[PDB]
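Inspection log for the structure reproduced underneath, given as structure tokens.
We count ligands from 1, going down the list as the structure has it; atoms in each ligand are counted the same way. Computed from heavy atoms alone, side chains included, the values below leave out hydrogens, waters and symmetry copies. Along the sequence shown, residues are numbered consecutively beginning with 1.
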Amino acid sequence: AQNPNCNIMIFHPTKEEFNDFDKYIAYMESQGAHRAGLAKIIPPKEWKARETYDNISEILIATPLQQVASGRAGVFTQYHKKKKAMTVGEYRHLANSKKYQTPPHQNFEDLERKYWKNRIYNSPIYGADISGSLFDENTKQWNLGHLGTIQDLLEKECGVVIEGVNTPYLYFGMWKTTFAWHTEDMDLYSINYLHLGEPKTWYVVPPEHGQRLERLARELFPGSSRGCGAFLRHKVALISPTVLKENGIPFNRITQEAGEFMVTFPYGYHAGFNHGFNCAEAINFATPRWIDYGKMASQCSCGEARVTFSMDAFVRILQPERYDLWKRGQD
Ligand SMILES: O=C(O)CNC(=O)C(=O)O
Ligand SMILES: [Mg+2]
Ligand code: NI
Ligand SMILES: [Zn+2]
């Protein structure tokens with residue numbers, strides 16, 4: 001079995017290997033990359049996402065989210081307080097202000113220590129979940145707006161045509177902005193490109209061990225767990241690496257830098273934080289190997305998780321027994 005310790009793998013495809021996206025995902029899996037839940041892909045030196053980032057300041061962040069924490073430094077939840085609209089240029093200035101800017105630090109490890117010590121005492125503002133793309137239309141390789149759609153993959157595998165669309169999303173971050181522990185909707189893959197700015201640190205649990213994270217989370221957030229049998233779908237819970245290690249949960253960590261892709265694999269729980277002002281683009285995708293994970297994915301039906309239009313058909317076709325309860329949760 002390849003990669004039996006479930007380490008995060010890093011790939012350096014050649015320009016020729018960068019042509020065929022599906023083929024390269026399958027190659028990475030042939031080497032055991034999916035066992036980690038997360039892989040890094042460094043593009044060939046000949047590639048670029050677009051020519052410059054000099055003209056992005058007028059993008060609007062219609063609903064910036066202030067991420068307010070509750071709990072203790074290593075075990076907390078966050079809620080999202082909606083703020084007034086602002087442009088990317090306004091948000092960049094805010095990120096760089098004395099109130100929000102990255103503190104002085106020695107290296108990524110020092111900054112990680114500072115994150116986990118101090119995150120709960122601040123409320124950073126995240127420009128997350130903005131429909132759109134920063135890839136040039138002429139970028140033909142690994143262009144996240146030109147991937148094969150999940151609806152087409154379902155149709156190709158299973159024969160059933162379904163409604164829905166699959167488009168990317170932009171994330172404008174600042175120091176301490178946080179993504180809570182989660183798997184993707186319907187335990188899909190994700191791919192994330194860090195277009196510009198400061199790094200993003202990731203934590204990940206191997207898919208084969210995801211239920212160990214779920215059992216810990218039920219113990220650590222006992223009210224939330226009574227509320228909902230899949231409350232990690234709410235995307236609000238944080239658990240630090242120190243707490244994971246104290247509880248014997250297998251995990252790994254890695255820092256993504258500008259110009260790098262990350263891929264999350266089906267049922268790979270992940271969480272992390274931004275180092276300073278940055279912009280990422282991400283989208284969900286599927287392969288043939290995903291279908292069995294989609295059929296088995298948990299679902300939130302308590303009302304909280306509320307999701308996109310296109311999840312309806314995935315539940316309806318892959319999980320017909322759960323459909324009626326899940327849809328009640330949507331309504
Ligand atoms: O970058 C973020 O805030 C969160 N991203 C992801 O969870 C992802 O790409 O799958
Ligand atoms: Mg602009
Ligand atoms: Ni994700
Ligand atoms: Zn729920």
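- The SG atom of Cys300 and the NE2 atom of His234 subtend an angle of 110° at the Zn ion (ligand 4), given to the nearest 10 degrees.
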Distance-only criterion, 3.5 Å: show the donor-acceptor pairs between side-chain atoms of residues 71-78 and protein atoms not counting sequence neighbours.
{"unit_1": "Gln78", "atom_1": "OE1", "unit_2": "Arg119", "atom_2": "NH2", "d": "2.9"}
{"unit_1": "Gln78", "atom_1": "NE2", "unit_2": "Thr178", "atom_2": "O", "d": "3.2"}

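- Ring pair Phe314/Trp290 is perpendicular by interplanar angle, where above 60° counts as perpendicular and below 30° as parallel.
- The aromatic rings of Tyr27 and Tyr24 sit tilted, their planes meeting at an angle between 30° and 60°.
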Solution key, residues 165-175 side-chain donor-acceptor pairs under 3.5 Å, sequence neighbours excluded:
{"unit_1": "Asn166", "atom_1": "OD1", "unit_2": "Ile150", "atom_2": "N", "d": "3.0"}
{"unit_1": "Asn166", "atom_1": "ND2", "unit_2": "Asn284", "atom_2": "O", "d": "3.1"}
{"unit_1": "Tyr171", "atom_1": "OH", "unit_2": "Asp129", "atom_2": "OD1", "d": "3.4"}

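- A distance limit of 4.0 angstrom between heavy atoms and ligand 1 selects the residues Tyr126, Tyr171, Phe179, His182, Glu184, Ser190, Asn192, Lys200, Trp202, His270, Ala282.
- Applying the salt bridge (charged side-chain N to carboxylate O under 4.0 Å, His left out) rule to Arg92 yields no partners; only residues at least two apart in sequence or on another chain are considered.
- A salt bridge is defined here as a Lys NZ or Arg NE, NH1 or NH2 lying under 4.0 Å from an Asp or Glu carboxylate O, and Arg316 with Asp312 meets this definition.
- The Ni ion (ligand 3) forms the vertex of an angle spanning NE2 of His270 and NE2 of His182; to the nearest 10 degrees it equals 80°.
- Using a 30° and 60° split on the angle between ring planes, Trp47 and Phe135 fall in the tilted class, from 30° to 60°.
- For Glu184, the N, O or S atom with the smallest separation from the Ni ion (ligand 3) is OE2.
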